[PDB]
Amino acid sequence: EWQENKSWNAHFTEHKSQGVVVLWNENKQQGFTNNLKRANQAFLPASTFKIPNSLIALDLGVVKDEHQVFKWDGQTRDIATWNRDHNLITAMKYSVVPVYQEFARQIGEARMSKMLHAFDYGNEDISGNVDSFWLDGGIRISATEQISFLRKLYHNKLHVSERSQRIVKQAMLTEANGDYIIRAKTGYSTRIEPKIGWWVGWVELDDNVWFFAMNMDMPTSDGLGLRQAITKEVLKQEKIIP
Ligand SMILES: O=C(O)c1cccc(-c2ccccc2F)c1
């Protein structure tokens with residue numbers, strides 16, 4: 001069911017880094033990784049939490065649809081793309097933390113905890129501040145656990161409406177061409193050691209789907225582009241994408 005290929009570590013060590021990539025072949029129900037131990041180690045989800053947060057906000061009516069405008073609160077932040085109005089699509093695309101912090105405040109502790117348990121999401125622990133627990137609270141999730149959650153979303157099997165799941169999968173759209181579609185979400189965790197980057201999602205082909213979840217050491221922001229680049233290089237090596 002699971003195969004470990006330690007030779008794939010070169011994808012990370014060649015960049016003076018360390019990390020894990022986990023792949024899941026949906027048709028064959030088989031998984032692959034470079035490091036079984038790190039594949040099951042739990043990290044802060046950081047901005048990958050925008051996936052469950054979006055689902056919960058939509059299903060509770062906190063967000064009406066993907067067109068609703070969330071007005072900039074007028075506070076200048078150091079990320080230029082955050083100093084503007086957003087909807088669900090652009091908030092996901094630019095990982096706009098302050099929009100999702102307001103989502104969480106409106107969801108509230110009780111409903112957030114209840115829904116993460118219903119999702120079987122990570123350690124299901126929202127200890128910390130309701131508007132930042134996915135950045136510096138007690139919640140943790142592993143790469144393998146990300147795969148399990150994403151598979152439920154793909155199949156519309158999460159305990160929210162089909163509509164809510166379709167809208168979030170639209171918002172996850174990252175790349176599409178004549179060969180494949182990628183729906184995914186990046187993450188960047190800096191408030192608790194070790195600092196890491198995430199990329200989780202899946203690749204749609206004509207006749208199969210490959211789920212993926214990766215994290216890697218991220219001592220500075222200079223390496224953030226390696227999250228997608230390394231993953232796509234693994235996918236190409238495995239002849240999943242051209
Ligand atoms: O990688 C991203 O999509 C992304 C989106 C928003 C902010 C950031 C970021 C970059 C450097 C330092 C702190 C940060 F939050 C990264």
Side-chain angles (χ1 to χ4, degrees), residues 11-12 15-22 43-55 57 63 66 69-105 128-137 139-141 143 146 149-150 153 167-177 181-203 211-235:
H11 289 294
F12 295 104
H15 295 285
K16 293 189 189 175
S17 191
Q18 301 290 339
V20 64
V21 176
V22 183
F43 302 86
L44 280 162
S47 292
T48 69
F49 189 73
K50 288 186 175 65
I51 298 176
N53 206 357
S54 296
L55 289 165
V63 173
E66 71 273 25
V69 174
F70 317 113
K71 189 186 178 72
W72 177 39
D73 64 5
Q75 299 188 43
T76 302
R77 298 179 173 84
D78 57 1
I79 306 299
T81 55
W82 293 3
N83 301 324
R84 62 183 71 165
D85 299 342
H86 286 281
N87 59 37
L88 191 71
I89 307 300
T90 63
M92 281 281 284
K93 177 179 177 181
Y94 295 105
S95 297
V96 187
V97 174
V99 167
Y100 279 84
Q101 292 184 294
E102 183 60 27
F103 292 176
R105 292 186 198 106
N129 299 311
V130 74
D131 68 0
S132 74
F133 63 87
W134 61 97
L135 303 168
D136 56 17
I139 191 162
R140 303 285 192 280
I141 189 167
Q146 295 264 26
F149 170 74
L150 292 165
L153 175 59
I167 293 174
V168 171
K169 286 182 280 188
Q170 177 185 354
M172 289 170 61
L173 179 57
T174 298
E175 191 178 359
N177 55 49
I181 297 165
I182 294 177
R183 304 183 186 276
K185 183 71 195 75
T186 58
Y188 181 24
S189 181
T190 64
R191 292 191 177 188
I192 295 184
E193 293 295 302
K195 302 188 183 70
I196 59 152
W198 283 102
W199 202 34
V200 306
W202 62 79
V203 185
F211 296 83
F212 66 83
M214 77 87 66
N215 59 67
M216 59 179 293
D217 300 350
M218 195 62 60
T220 69
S221 59
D222 292 354
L224 287 172
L226 297 174
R227 297 173 297 180
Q228 300 96 329
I230 293 176
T231 303
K232 286 181 80 180
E233 289 165 6
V234 172
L235 295 171

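Just so it is clear, the values below take in all heavy atoms, side chains as well, and ignore hydrogens, waters and symmetry mates. Counting begins at 1 with the first residue of the sequence. Just so you know, ligand 1 is whichever comes first in the structure, and atom 1 is the first atom listed for that ligand.
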**Request:** Could I get the full list of side chain to side chain donor-acceptor pair (under 3.5 Å) partners for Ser54, not counting sequence neighbours?
**Result:** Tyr100

**Item:** Among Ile141, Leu44, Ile139, the one residue meeting side-chain contact (heavy atoms from CB on, under 4.5 Å) with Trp134
**Value:** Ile139

**Prompt:** Is it the case that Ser132 and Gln101 place a side-chain donor and acceptor less than 3.5 Å from each other?
**Reply:** no

**Asked** Does the gap between the ring centers of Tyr94 and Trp82 come in under 6.0 Å?
**Response** no

**Asked** What pairs with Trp198 under ring-ring contact (aromatic ring centres under 6.0 Å, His included), at least two apart in sequence or on another chain?
**Response** none

**Request:** Kindly state each residue pair satisfying salt bridge (charged side-chain N to carboxylate O under 4.0 Å, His left out) with at least one member in residues 76-97, sequence neighbours excluded.
**Result:** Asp73-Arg77

Provide, line by line, the atom pairs where ligand 1 and the protein bring an N/O atom each to a distance under 3.5 Å; else say none.
unit_1, atom_1, unit_2, atom_2, d
ligand 1, 1 (O), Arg227, NH2, 2.7

